[PDB]
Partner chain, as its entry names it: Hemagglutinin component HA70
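Single chain ahead, written as structure tokens, the form deposited without its partner chain.
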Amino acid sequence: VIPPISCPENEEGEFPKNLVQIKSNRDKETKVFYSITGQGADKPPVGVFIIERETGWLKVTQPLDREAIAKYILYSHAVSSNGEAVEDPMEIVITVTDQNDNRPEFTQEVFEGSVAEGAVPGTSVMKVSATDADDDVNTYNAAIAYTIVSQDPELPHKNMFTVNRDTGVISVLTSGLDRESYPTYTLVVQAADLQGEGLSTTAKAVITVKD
């Protein structure tokens, strides 16, 4: 039974690239011919994986996209030159491993929040949310750090609010909210993957100051 096969997505270089060479010990008696079935082989996405029919080299023909298909299940077939299957179809599983090629994206372009002017600092005001298509499970490619890029107006302070790096909850950072003077704030919030270090997106948090 065939070992787990793994192919990083977004691969460059010359294609196709060998993945694994499948064999039949059922093939010294007979010349075996290999083929594969499954999505990625004969079924959409067709042609992503091929197998050299005389050698049993399974190859990937193009760069993969983990966010499109992370796991391929293919079946190899070993057929005699005489036209008889010499073995049961062998399942072949190809895991596509993640690259950090999706930038975080906010679920909204503009989040709306409201805070009472007298809200004590540390008061949660609102939440911004971002998603990342990359591999939350096995990488930090989907690990999103939220930040506030800017606040307008910068009054009374540059930093009326703060955002929880992890949760995107925005809180009153300081006192001084004054609905009469500054009815509203526009925060530009950033979501960066790799835990803030990676790829970035921005969104607006419009925060209305209430009585």
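Positions refer to the first chain, counted from 1.
Keep in mind that the form solved in complex with its partner chain is not shown, yet the notes after this line are about it.
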Exercise. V206: heavy atom within 4.5 Å of its partner chain in the entry with it bound?
Worked result: no
Exercise. Is the gap between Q39 and its partner chain in the entry with it bound 4.5 Å or less for some heavy atom pair?
Worked result: no
Exercise. Is the gap between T55 and its partner chain in the entry with it bound 4.5 Å or less for some heavy atom pair?
Worked result: yes
Exercise. Taking 4.5 angstroms as the cut-off for heavy atoms, does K43 touch its partner chain in the entry with it bound?
Worked result: no
Exercise. At 4.5 angstroms, heavy atoms only, are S6, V20 and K23 all close to its partner chain in the entry with it bound?
Worked result: yes
Exercise. Of the listed stretches (181-189, 47-55, 164-172, 146-154), which one has a non-hydrogen atom within 4.5 Å of its partner chain in the entry with it bound?
Worked result: 47-55
